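**Q** Provided herewith is a single structure, encoded as structure tokens, for subsequent inquiry.
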Amino acid sequence: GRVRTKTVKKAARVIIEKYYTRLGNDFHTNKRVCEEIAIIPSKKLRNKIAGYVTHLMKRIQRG
Amino acid sequence: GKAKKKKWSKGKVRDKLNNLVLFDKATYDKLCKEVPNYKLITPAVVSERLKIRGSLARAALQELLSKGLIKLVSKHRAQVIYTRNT
Amino acid sequence: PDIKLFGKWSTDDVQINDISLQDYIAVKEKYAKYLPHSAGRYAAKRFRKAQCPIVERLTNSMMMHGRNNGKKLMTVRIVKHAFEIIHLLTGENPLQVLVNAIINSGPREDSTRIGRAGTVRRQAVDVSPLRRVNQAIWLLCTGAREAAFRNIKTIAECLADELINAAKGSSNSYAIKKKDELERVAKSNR
Amino acid sequence: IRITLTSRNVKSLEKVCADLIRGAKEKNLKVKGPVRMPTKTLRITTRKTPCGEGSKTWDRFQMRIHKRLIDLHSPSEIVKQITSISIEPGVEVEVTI
Amino acid sequence: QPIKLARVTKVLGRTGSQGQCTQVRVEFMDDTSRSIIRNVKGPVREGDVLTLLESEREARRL
Amino acid sequence: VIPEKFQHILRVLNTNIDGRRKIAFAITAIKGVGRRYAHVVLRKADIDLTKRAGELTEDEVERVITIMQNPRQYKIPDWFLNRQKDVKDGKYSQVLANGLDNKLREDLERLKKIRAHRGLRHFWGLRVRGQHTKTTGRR
Amino acid sequence: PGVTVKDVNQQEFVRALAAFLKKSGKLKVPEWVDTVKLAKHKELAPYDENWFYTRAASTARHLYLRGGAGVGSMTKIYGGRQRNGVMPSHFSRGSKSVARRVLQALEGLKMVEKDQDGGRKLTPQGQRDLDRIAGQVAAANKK
Amino acid sequence: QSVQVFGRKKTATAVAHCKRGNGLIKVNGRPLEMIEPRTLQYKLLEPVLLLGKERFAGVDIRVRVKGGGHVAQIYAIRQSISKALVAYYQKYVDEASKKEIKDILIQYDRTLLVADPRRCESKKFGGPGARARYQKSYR
RNA sequence: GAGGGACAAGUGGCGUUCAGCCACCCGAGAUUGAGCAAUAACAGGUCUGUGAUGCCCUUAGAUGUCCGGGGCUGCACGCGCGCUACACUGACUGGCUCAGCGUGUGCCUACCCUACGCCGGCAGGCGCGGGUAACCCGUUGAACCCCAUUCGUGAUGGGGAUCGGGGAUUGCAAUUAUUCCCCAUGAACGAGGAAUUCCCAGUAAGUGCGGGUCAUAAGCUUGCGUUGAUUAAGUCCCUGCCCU
Ligand SMILES: [Mg+2]
Ligand SMILES: [Mg+2]
Ligand SMILES: [Mg+2]
Ligand SMILES: [Mg+2]
Ligand SMILES: [Mg+2]
Ligand SMILES: [Mg+2]
Ligand SMILES: [Mg+2]
Ligand SMILES: [Mg+2]
Ligand SMILES: [Mg+2]
Ligand SMILES: [Mg+2]
Ligand SMILES: [Mg+2]
Ligand SMILES: [Mg+2]
Ligand SMILES: [Mg+2]
């Protein structure tokens with residue numbers, strides 16, 4: 001059930017579209033980069049955003 | 001009140017089998033001549049095979065174990081496990 | 001460095017005579033341990049039930065019917081008594097004849113409802129070998145329990161009696177009774 | 001001389017305790033730590049309905065009682081100055097000599 | 001009436017009135033690649049050698 | 001080891017029958033005497049409790065019956081008995097076998113004189129302490 | 001070597017401790033208990049006739065281990081399951097007169113020191129007694 | 001020179017204090033061979049009979065338990081032994097022995113080193129258990 | 001208390017650039033249990049929760065109000081939720097042995113929890129002491145379980161209702177109900193027809209404790225633990241729901 005919510009995918013696409021540059025292919029680094037470039041109210045939401053951000057990075061780096 | 005019961009399964013185990021509280025001398029000589037020759041001695045086996053009440057069975061077993069003919073393997077709550085040498 | 005043994009036992013060279021029950025009986029060396037009572041975590045995944053040792057499975061199916069529910073200390077005591085009975089009776093290590101009773105116990109074909117969405121003929125189908133091990137242990141403990149109900153005999157004596165008369169399937173045991181009864185119904189619905 | 005802070009919520013408890021430690025440690029006061037007494041929980045369970053119709057449906061109310069002890073062995077003249085703090089209305093203070 | 005043994009290759013699905021049965025192929029070990037479709041109740045993986053009491057059944061479904 | 005002693009059943013208190021199962025649990029068959037009063041009588045008679053009823057001495061039987069018919073001569077204080085003090089005589093006594101149903105008939109007879117409703121509902125087909133009788137004791 | 005009372009099998013220990021109470025005769029068992037007395041809430045008297053020696057052995061053991069107990073404390077040590085019948089069972093307390101009886105017996109026989117806020121505790125006399133008994137039961141265990 | 005590790009069974013915790021010395025076992029004042037269940041007076045032996053001679057012969061290990069239940073204490077003491085060896089090897093005898101003996105213990109059983117997070121479920125309001133409910137009533 | 005730690009992130013396979021699923025390593029855990037909970041309704045229930053209330057009715061010989069008894073309990077019956085059981089995997093008797101929630105007094109109007117010692121067989125009593133509580137009850141020495149004894153297939157000692165006599169204790173009062181204890185009495189009941197409920201892992205079930213009611217007070221209910229399985233991990237036949 002990783003069917004992730006509209007707000008999560010929305011904020012994730014906004015994050016990658018604004019700041020592609022800081023984000024890398026390392027999940028634990030990208031997690032802390034999300035708290036620097038955004039305001040996330042909760043840690044579960046941080047983890048969900050960062051996971052789908054890394055899964056988008058493994059597509060954008062691909063094609 | 002009226003006696004109504006919803007199931008009918010009569011004819012129990014064997015219809016109040018009689019059992020001797022005290023061993024006669026013929027039964028005691030039968031003990032002394034073939035209770036060595038059994039392979040495993042429990043009070044249940046001795047009771048159901050020789051028509052003995054279980055307390056009398058435990059009395060006879062604790063007798064002949066004190067003779068040392070029988071060999072104890074273990075004892076616990078409700079099971080008494082025996083053998084004979086050879 | 002020691003050999004992993006149950007009590008006074010070897011717990012070794014127990015050979016399942018056929019295949020179709022290998023890897024569902026955990027009698028092997030990587031799943032042989034001292035006591036049957038282990039940390040039960042065997043409902044997590046479907047097929048990880050196979051890694052339980054069959055002696056623990058025999059204890060688990062032995063504790064039933066409310067009055068005896070729980071009390072794994074009591075049922076491990078029962079198994080400890082029963083192996084001590086089978087050791088004195090004919091030798092031939094009780095783990096081996098337990099495996100032989102499991103083989104010559106559970107049914108190999110049954111009857112069930114199949115489709116076509118009409119009148120159900122109770123069609124004869126096969127059986128999973130996991131379900132053979134399960135139904136084997138269930139029929140063994142059921143026969144032992146309702147044999148030891150209301151007699152001078154004990155759970156230990158009736159359980160050892162049921163295991164020995166199931167490893168020697170001479171039509172006196174309740175496991176061979178329900179074995180033959182299920183195969184006759186399957187042949188009649190064949 | 002000890003001070004018992006028994007409060008209604010955890011955040012105001014932590015804030016008044018941090019203010020007390022910050023107003024304590026600039027002086028030469030040997031301070032024992034904010035020891036955490038265990039949380040008492042007063043529970044009330046209620047039938048939820050004025051008449052007994054429907055599914056049996058129960059409330060489950062809780063309050064959390066929090067408590068911190070701090071020991072300040074001193075002359076009581078300093079403790080009179082320590083007492084004067086604009087304190088949050090959800091916090092209760094005991095002083096014991 | 002010989003008894004044959006057969007090991008599972010695939011799982012075609014779960015069928016029955018209750019969904020209890022599993023239509024599967026046990027292949028045949030004795031000769032070349034012969035495989036019939038038989039019903040099994042109870043859990044079954046790949047690599048489960050199955051005991052057959054008749055190798056002449058085939059109750060197929062799509 | 002006591003091989004065999006020739007006894008099956010005694011005649012005690014002119015009405016009752018003792019078997020051979022034990023001594024302390026076969027004196028139980030006498031009315032008015034149950035679980036613990038026998039274990040009082042047995043331990044005052046100093047009998048080994050392992051022995052059966054079919055292995056015991058008739059002199060010791062008569063001594064037991066003496067303990068049964070009169071406890072207060074030896075010991076066995078007043079609180080333990082069946083017939084408490086305050087009676088149509090005030091005697092701290094133990095009721096007998098045949099005397100028990102007679103004392104019960106005297107109880108019901110003197111409650112019927114008073115017409116206390118305890119004895120009245122006892123004479124009716126009812127329960128005295130049976131607080132609810134919608135479902136209790138049907139048929 | 002050193003043998004302490006915890007280092008021995010435990011029901012084996014009380015089996016000899018009740019005997020070495022009977023050897024000395026360190027007991028004041030007055031009248032009613034010798035007559036007949038039930039336990040906490042029980043139906044029969046106990047079978048083993050020296051059960052006051054047995055209770056005294058158990059009391060001596062528990063006062064050696066958990067010191068400072070009293071009458072009601074040892075009353076709750078013994079532990080009551082009272083099957084009331086149709087109405088289900090509960091934890092019922094032991095009898096109080098035997099609980100203070102064994103205390104009065106061991107106090108008169110010089111095996112009870114007083115913890116003054118509480119009650120009974122060990123004496124050095126009873127320490128030597130219980131300890132030599134544990135040593136000889138350990139020797140009987142190995143032998 | 002000593003390390004204290006814990007048991008963490010379900011609500012049973014064994015403080016295991018391992019000090020250098022000849023080898024002793026204090027379980028609540030009482031040695032190894034005397035535990036409260038006679039049946040599980042082999043299960044707790046599994047770390048000792050699995051490690052062997054020169055390892056307990058090198059470490060003193062004493063155990064203090066304020067646990068929750070009989071069977072829970074056995075697994076708590078068991079896992080406390082198996083973790084006490086791990087931490088005493090991290091302090092005293094190097095990783096080339098520690099990870100190897102830890103691999104032997106884990107390839108035997110994971111629960112000797114890994115605590116299982118399985119506590120109770122809270123008793124739900126509708127039924128008498130945590131999952132079950134009362135009987136409904138139709139007509 | 002602050003913070004960290006778990007996201008399908010890593011591998012492989014199935015996948016349309018996908019969405020995602022399956023299997024496995026590592027981890028403590030590959031997700032646990034709840035709470036809250038939409039739009040619109042029922043002619044659902046409460047006027048007996050209210051000084052929340054319309055209208056009607058009664059208001060001095062009262063449908064207001066006290067006060068004394070009685071009663072909702074009264075039994076040829078049928079039905080619902082449950083407790084104890086039907087015994088040997090057990091009862092009896094002794095010994096051994098480990099918990100967790102949480103509760104406790106001079107209170108916004110009437111209120112305790114118990115430690116110790118001594119008397120009594122038990123229920124209980126009398127003096128003394130503590131606790132407005134991580135301080136004392138209370139290292140809550142619980143039951144189940146475990147070891148040993150006796151009982152031996154017998155309506156037996158399983159079963160404990162029925163009921164005779166007595167003794168404490170609350171209370172203003174227990175008798176047509178208190179409650180607790182002792183002795184006595186010792187029934188039906190042999191695992192239950194038609195049918196039906198509940199339940200997937202610390203789960204059902206055995207077992208005891210704490211709270212609510214209260215003075216006396218649990219078989220009820222609500223939380224806590226303690227010992228701890230079997231069989232699934234699937235379908236839409238039966239019951240019922242959601243979308244075309
Ligand atoms: Mg049941
Ligand atoms: Mg809604
Ligand atoms: Mg009003
Ligand atoms: Mg009513
Ligand atoms: Mg009815
Ligand atoms: Mg209901
Ligand atoms: Mg009884
Ligand atoms: Mg009877
Ligand atoms: Mg129903
Ligand atoms: Mg029960
Ligand atoms: Mg209550
Ligand atoms: Mg109350
Ligand atoms: Mg109620």
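Residues are referred to by chain and number: the chain letter is A, B, ... according to the order shown in the structure tokens, the number counts from 1 in that chain, and ligands are numbered separately from 1 in the order shown.
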Tell me, counting only C-alpha atoms, for each residue of chain F within 8 Å of chain G, which pair of atoms is nearest and how far apart they are in Å to one decimal, in rows ordered by chain and increasing number, as CSV.
**A**
residue,atom,partner,partner_atom,distance
F:35,CA,G:44,CA,7.0
F:36,CA,G:44,CA,5.7
F:39,CA,G:45,CA,7.2
F:40,CA,G:36,CA,6.5
F:44,CA,G:35,CA,8.0
F:75,CA,G:35,CA,7.9
F:76,CA,G:35,CA,7.5
**Q** Please list as a PDB file with N, CA and C atoms, in the first residue's frame every residue within 12 Å of residue 33 of chain A, counting only C-alpha atoms (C1' of nucleotides) and excluding residues in the same chain fewer than 2 positions away.
**A**
ATOM      1  N   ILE A  15       9.125  19.765  -5.000  1.00  0.00           N
ATOM      2  CA  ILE A  15      10.484  19.763  -4.457  1.00  0.00           C
ATOM      3  C   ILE A  15      11.514  19.461  -5.539  1.00  0.00           C
ATOM      4  N   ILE A  16      11.275  18.431  -6.354  1.00  0.00           N
ATOM      5  CA  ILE A  16      12.270  18.075  -7.364  1.00  0.00           C
ATOM      6  C   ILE A  16      12.309  19.126  -8.474  1.00  0.00           C
ATOM      7  N   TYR A  19      14.134  22.354  -6.791  1.00  0.00           N
ATOM      8  CA  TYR A  19      15.535  22.094  -6.472  1.00  0.00           C
ATOM      9  C   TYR A  19      15.885  20.673  -6.912  1.00  0.00           C
ATOM     10  N   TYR A  20      16.147  20.510  -8.207  1.00  0.00           N
ATOM     11  CA  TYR A  20      16.805  19.297  -8.673  1.00  0.00           C
ATOM     12  C   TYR A  20      18.259  19.226  -8.212  1.00  0.00           C
ATOM     13  N   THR A  21      18.895  20.379  -7.982  1.00  0.00           N
ATOM     14  CA  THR A  21      20.354  20.430  -7.887  1.00  0.00           C
ATOM     15  C   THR A  21      20.886  19.815  -6.598  1.00  0.00           C
ATOM     16  N   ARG A  22      20.248  20.095  -5.462  1.00  0.00           N
ATOM     17  CA  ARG A  22      20.788  19.645  -4.182  1.00  0.00           C
ATOM     18  C   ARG A  22      20.556  18.155  -3.975  1.00  0.00           C
ATOM     19  N   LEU A  23      19.496  17.623  -4.567  1.00  0.00           N
ATOM     20  CA  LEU A  23      19.101  16.252  -4.300  1.00  0.00           C
ATOM     21  C   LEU A  23      19.996  15.272  -5.042  1.00  0.00           C
ATOM     22  N   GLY A  24      20.454  14.255  -4.321  1.00  0.00           N
ATOM     23  CA  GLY A  24      21.266  13.209  -4.903  1.00  0.00           C
ATOM     24  C   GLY A  24      20.566  11.870  -4.869  1.00  0.00           C
ATOM     25  N   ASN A  25      21.304  10.802  -5.142  1.00  0.00           N
ATOM     26  CA  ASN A  25      20.747   9.459  -5.154  1.00  0.00           C
ATOM     27  C   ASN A  25      20.910   8.737  -3.824  1.00  0.00           C
ATOM     28  N   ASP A  26      21.137   9.461  -2.735  1.00  0.00           N
ATOM     29  CA  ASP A  26      21.314   8.860  -1.421  1.00  0.00           C
ATOM     30  C   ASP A  26      20.145   9.285  -0.538  1.00  0.00           C
ATOM     31  N   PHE A  27      19.415   8.289  -0.017  1.00  0.00           N
ATOM     32  CA  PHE A  27      18.135   8.540   0.640  1.00  0.00           C
ATOM     33  C   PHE A  27      18.293   9.332   1.927  1.00  0.00           C
ATOM     34  N   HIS A  28      19.294   8.989   2.736  1.00  0.00           N
ATOM     35  CA  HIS A  28      19.435   9.634   4.033  1.00  0.00           C
ATOM     36  C   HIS A  28      19.915  11.071   3.886  1.00  0.00           C
ATOM     37  N   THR A  29      20.690  11.355   2.839  1.00  0.00           N
ATOM     38  CA  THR A  29      21.052  12.740   2.564  1.00  0.00           C
ATOM     39  C   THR A  29      19.853  13.525   2.053  1.00  0.00           C
ATOM     40  N   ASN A  30      19.081  12.930   1.133  1.00  0.00           N
ATOM     41  CA  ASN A  30      17.940  13.626   0.541  1.00  0.00           C
ATOM     42  C   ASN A  30      16.862  13.912   1.575  1.00  0.00           C
ATOM     43  N   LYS A  31      16.743  13.030   2.571  1.00  0.00           N
ATOM     44  CA  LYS A  31      15.826  13.242   3.685  1.00  0.00           C
ATOM     45  C   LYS A  31      16.146  14.521   4.441  1.00  0.00           C
ATOM     46  N   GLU A  35      14.306  18.772   4.703  1.00  0.00           N
ATOM     47  CA  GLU A  35      14.047  19.670   5.826  1.00  0.00           C
ATOM     48  C   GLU A  35      14.749  21.011   5.661  1.00  0.00           C
ATOM     49  N   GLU A  36      15.788  21.066   4.834  1.00  0.00           N
ATOM     50  CA  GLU A  36      16.426  22.350   4.590  1.00  0.00           C
ATOM     51  C   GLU A  36      15.649  23.158   3.562  1.00  0.00           C
ATOM     52  N   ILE A  37      15.050  22.488   2.577  1.00  0.00           N
ATOM     53  CA  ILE A  37      14.431  23.243   1.491  1.00  0.00           C
ATOM     54  C   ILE A  37      12.918  23.284   1.641  1.00  0.00           C
ATOM     55  N   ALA A  38      12.385  22.735   2.726  1.00  0.00           N
ATOM     56  CA  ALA A  38      10.939  22.745   2.875  1.00  0.00           C
ATOM     57  C   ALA A  38      10.575  22.795   4.348  1.00  0.00           C
ATOM     58  N   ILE A  39       9.274  22.955   4.600  1.00  0.00           N
ATOM     59  CA  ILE A  39       8.742  22.850   5.952  1.00  0.00           C
ATOM     60  C   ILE A  39       7.767  21.684   6.011  1.00  0.00           C
ATOM     61  N   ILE A  40       8.194  20.594   6.636  1.00  0.00           N
ATOM     62  CA  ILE A  40       7.369  19.395   6.721  1.00  0.00           C
ATOM     63  C   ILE A  40       6.920  19.257   8.168  1.00  0.00           C
ATOM     64  N   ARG A  46       8.026  13.426   6.263  1.00  0.00           N
ATOM     65  CA  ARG A  46       9.406  13.575   5.789  1.00  0.00           C
ATOM     66  C   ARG A  46       9.887  12.311   5.104  1.00  0.00           C
ATOM     67  N   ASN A  47       9.662  11.166   5.745  1.00  0.00           N
ATOM     68  CA  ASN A  47      10.161   9.903   5.217  1.00  0.00           C
ATOM     69  C   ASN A  47       9.442   9.507   3.934  1.00  0.00           C
ATOM     70  N   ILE A  49       7.927  11.597   1.735  1.00  0.00           N
ATOM     71  CA  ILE A  49       8.385  12.537   0.714  1.00  0.00           C
ATOM     72  C   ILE A  49       9.771  12.161   0.220  1.00  0.00           C
ATOM     73  N   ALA A  50      10.690  11.865   1.142  1.00  0.00           N
ATOM     74  CA  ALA A  50      12.065  11.580   0.747  1.00  0.00           C
ATOM     75  C   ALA A  50      12.171  10.260  -0.005  1.00  0.00           C
ATOM     76  N   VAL A  53      10.885  10.937  -3.445  1.00  0.00           N
ATOM     77  CA  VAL A  53      11.853  11.814  -4.104  1.00  0.00           C
ATOM     78  C   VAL A  53      13.046  11.013  -4.612  1.00  0.00           C
ATOM     79  N   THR A  54      13.524  10.050  -3.824  1.00  0.00           N
ATOM     80  CA  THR A  54      14.606   9.195  -4.308  1.00  0.00           C
ATOM     81  C   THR A  54      14.142   8.278  -5.433  1.00  0.00           C
TER      82      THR A  54
END
**Q** Can you tell me, as a list in words, what residues are no more than 10 Å from residue 41 of chain C when counting only C-alpha atoms (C1' of nucleotides), ignoring any on the same chain fewer than 6 positions away?
**A**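 So, after excluding close chain neighbours, the residues are residues 48, 49 and 52 of chain C; 116 and 118 of chain H; 201 and 202 of chain I.
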**Q** Distance atom CA of residue 93 of chain D-atom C1' of residue 110 of chain I, one decimal place?
**A** 28.8 Å
**Q** Give the residue list for ligand 4 at 12 Å, counting only C-alpha atoms (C1' of nucleotides) and all ligand atoms, as number ranges by chain, sorted by chain and then by residue number.
**A** F: 132, 134; I: 71-74
**Q** Could you list, as JSON, numbers by chain, the residues of chain H having an atom within 12 Å of chain I when counting only C-alpha atoms (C1' of nucleotides)?
**A** {"H": [8, 9, 10, 11, 12, 13, 28, 34, 35, 36, 37, 38, 39, 40, 41, 65, 66, 67, 68, 69, 70, 71, 72, 73, 74, 111, 113, 114, 115, 116, 117, 118, 119, 120, 121, 122, 123, 124, 125, 126, 127, 128, 129, 130, 131, 132, 133, 134, 135, 136, 137, 138, 139]}
**Q** Report the closest atom pair, with its distance in Å rounded to one decimal, for each residue of chain C that has an atom no farther than 6 Å from chain E; count only C-alpha atoms, sort by chain and then rising residue number, and write it as CSV.
**A**
residue,atom,partner,partner_atom,distance
C:20,CA,E:49,CA,4.8
C:114,CA,E:16,CA,4.9
C:115,CA,E:16,CA,5.5
C:125,CA,E:39,CA,5.6
C:126,CA,E:40,CA,5.1
C:127,CA,E:40,CA,5.0
C:128,CA,E:42,CA,4.9
C:131,CA,E:42,CA,5.6
**Q** Can you list, as a list in words, every protein, DNA or RNA residue that comes within 10 Å of segment 76-79 of chain D when you count only C-alpha atoms (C1' of nucleotides), leaving out same-chain residues fewer than 2 positions away?
**A**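 My list of contacting residues is residues 1, 2, 3, 24, 27, 29, 72, 73, 74, 81, 82, 83, 84, 95 and 97 of chain D.
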